[PDB]
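Participant: Before we start, here is the structure in question, set down as structure tokens.
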Amino acid sequence: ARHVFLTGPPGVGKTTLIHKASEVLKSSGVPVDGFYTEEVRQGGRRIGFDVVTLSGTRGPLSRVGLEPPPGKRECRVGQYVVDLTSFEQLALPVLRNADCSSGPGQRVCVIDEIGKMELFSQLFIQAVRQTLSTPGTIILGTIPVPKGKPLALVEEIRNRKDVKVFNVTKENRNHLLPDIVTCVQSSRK
């Protein structure tokens, strides 16, 4: 079978249909890997983001800080300042831990959120193409829709065409989980 990407408008929910997909392959004995950001809300206020891994590790990602002055480069998204190293802490090996054997096993690689970072995106382009090099690993992720300008990281995947493109709605939002798994497990069990 082939890679699968979500698309549509942002509005939060698809995140958890991927999370459910990250229980189900597991319940089918397919040890999925990769990372997912979650909304770091210490007692319910947005203070930054993290980068969880399916191994239960979670990174920094962004935290509160001043905007970058016109001399000192930093990576502000609105209020918080991200860092590429905050990803590299964990969102770097998880793309492609090991290789050998081939045949039965394959791999699955979760990458929710490939859309916000389209300017800061640096090690993404690299690490993601090392993942797309692997024949076993099954890219599974969330890009935005193409409207106007090409996102300078979604381009690296857009290249393929072959990836399934699941346009979510807010209507049938919670339906898409099995519809993705259908495409994934279309690889010979």
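Residue numbers (my numbering): 59 to 247.
Even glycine gets a Cβ: it sits at the ideal position worked out from N, Cα and C.
Apart from the five residues on each side of it in sequence, which residues of its chain come closer than 8 Å, Cβ to Cβ, to residue 221?
Facilitator: 60, 61, 62, 63, 197, 215
Participant: Mind checking which residues open and close the alpha helix (DSSP H) that includes residue 182?
Facilitator: 181-191
Participant: Consult DSSP for residue 237 and reduce its assignment to one of helix, strand or coil.
Facilitator: helix
Participant: Do residue 172 and residue 211 count as a contact pair if the criterion is CB distance below 8 Å?
Facilitator: yes
Participant: Report, in whole angstroms, the separation of the C-beta atoms of residue 80 and residue 117, which I expect to be a contact under 8 Å.
Facilitator: Actually they are not in contact, since the Cβ atoms of residue 80 and residue 117 sit about 17 Å apart, beyond 8 Å.
Participant: Would you call the CB atoms of residue 122 and residue 133 closer than 8 Å?
Facilitator: no
Participant: So which of 87, 120, 184 has the shortest CA-CA distance to residue 98?
Facilitator: 120
Participant: Tell me the rounded alpha-carbon separation between residue 87 and residue 110.
Facilitator: 21 Å
Participant: Buried or exposed for residue 227, please, with buried defined as at least 16 other CB atoms from any protein chain shown within 10 angstroms of its CB.
Facilitator: Around the Cβ of residue 227, a 10 Å sphere holds fewer than 16 other Cβ atoms; the residue is exposed.
Participant: Give the single residue among 130, 179, 156 whose Cα lies nearest to the Cα of residue 146.
Facilitator: 179
Participant: Could you compute how far the alpha carbon of residue 255 sits from the alpha carbon of residue 142?
Facilitator: Nothing can be reported for residue 255, as the shown portion of the chain is limited to 59 through 247.
Participant: For the putative contact between residue 92 and residue 75, defined by C-beta atoms under 8 Å, what is the C-beta separation to the nearest angstrom?
Facilitator: Going by Cβ atoms, the distance from residue 92 to residue 75 rounds to 15 Å, so no, they are not a contact pair.
Participant: Can you tell me the Cβ-Cβ gap for residue 43 and residue 189, rounded? I've got them flagged as a contact below 8 Å.
Facilitator: The structure shown does not extend to residue 43, since the chain spans only 59 to 247, so no value can be given for it.
Participant: State the Cα-Cα distance for the pair residue 206 and residue 223, rounded to the nearest angstrom.
Facilitator: 18 Å
Participant: What first and last residue would you give for the beta strand (DSSP E) that runs through residue 65?
Facilitator: Run containing residue 65: 62-65, per the beta strand (DSSP E) assignment.
Participant: Of all Cβ atoms in chain D, is any one closer than 8 Å to the Cβ of residue 84?
Facilitator: In the structure shown, chain D cannot be found, because there is only a single protein chain.
Participant: For the candidate residues 160, 208, 218, 158, whose alpha-carbon lies nearest to that of residue 186?
Facilitator: 218
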